[PDB]
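Take a look at this one chain, the form deposited in one PDB entry, written out in structure tokens.
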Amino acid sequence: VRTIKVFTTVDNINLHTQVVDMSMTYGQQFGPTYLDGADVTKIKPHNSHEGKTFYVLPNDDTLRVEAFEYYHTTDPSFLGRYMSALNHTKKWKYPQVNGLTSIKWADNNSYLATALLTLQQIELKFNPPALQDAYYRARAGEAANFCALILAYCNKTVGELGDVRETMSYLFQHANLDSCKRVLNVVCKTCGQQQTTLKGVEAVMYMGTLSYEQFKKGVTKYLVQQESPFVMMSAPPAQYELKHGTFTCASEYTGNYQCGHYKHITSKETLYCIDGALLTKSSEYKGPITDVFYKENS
């Protein structure tokens, strides 16, 4: 009986040594098996597979615990959807653009490139170790796992159209925003003291206007106390002037012929428009903006 040693894993942190019978498929021995995202369930071992790490589905208590502790989800379909995405995202290109990891355009991924760029400019602490680890790898230039995890957590497949605001919201809901707070106080003559507090993810998002100065003025009448590391403001795409120095970064969305495309604008010493692998610098920017992000440097 000819054999090789491989490692199995659900988290790529805890590796489990296995002896594989080379006359049987990976599926016959482990169940559904993946090598760097590729489904090798129906493949018989190759000699080249010696010592390599394979993902398997958590089919026992030990692996179930390891997966829950790493991904913070009990969804049994998660690993398969993550591997399916990773088989694609590992083939994308991740150029450094203006100091930031971006994504060369492929598979309708402009929304993911724009989200990835934004995530590198705001301070976020992810709760699942899987996102924290892959996020730091992405900041360092290797973003394939992060992008595939974003897709899996958001229940989106490679090639499916996506929305930056939605993606950021769902990621914020997997982050520690416990200290973030927005207090609304009613301005009235006879109603007394009326106050409500948004804590956590609700405090870092607002829909209806792009302008933080407009939001800060209130919208019946409210005084706003905003306390968070950042805020995401969103509105329907409309022509909007981004003035250098008045924001951190922003999402542009064009919808010509109902085929939409995102670009990312960031405010450094001047305005930079990052469009996947492309970079364009300008002093002023007017375009159909739909998200603006603001940062409190503290």
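All residue numbers are counted from 1 along the displayed sequence.
Below, we refer to the form solved in complex with a small molecule, which is not included among the displayed structures.
Identify which of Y212, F126, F78, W92 has a heavy atom within 4.5 Å of the small molecule in the entry with it bound; exactly one of them does.
Contact with the small molecule in the entry with it bound is made by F78 alone.
Look up in the entry with it bound whether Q96 has a non-hydrogen atom within 4.5 angstroms of the small molecule, and give yes or no.
Outside the cut-off, so no.
Contact with the small molecule in the entry with it bound for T73, defined as at least one heavy atom pair within 4.5 Å: yes or no?
The answer is yes: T73 has a heavy atom within 4.5 Å of the small molecule.
Applying a 4.5 Å heavy atom distance criterion, does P58 contact the small molecule in the entry with it bound?
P58: yes, in contact with the small molecule in the entry with it bound.
Report yes if any heavy atom of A67 sits within 4.5 Å of a heavy atom of the small molecule in the entry with it bound; otherwise report no.
It does: once the small molecule is placed as it appears in the entry with it bound, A67 has a heavy atom within 4.5 Å of it.
Where does the small molecule sit in the entry with it bound: which of 96 to 104, 78 to 86, 135 to 143, 118 to 126, heavy atoms within 4.5 Å?
Answer to the contact question: 78 to 86.
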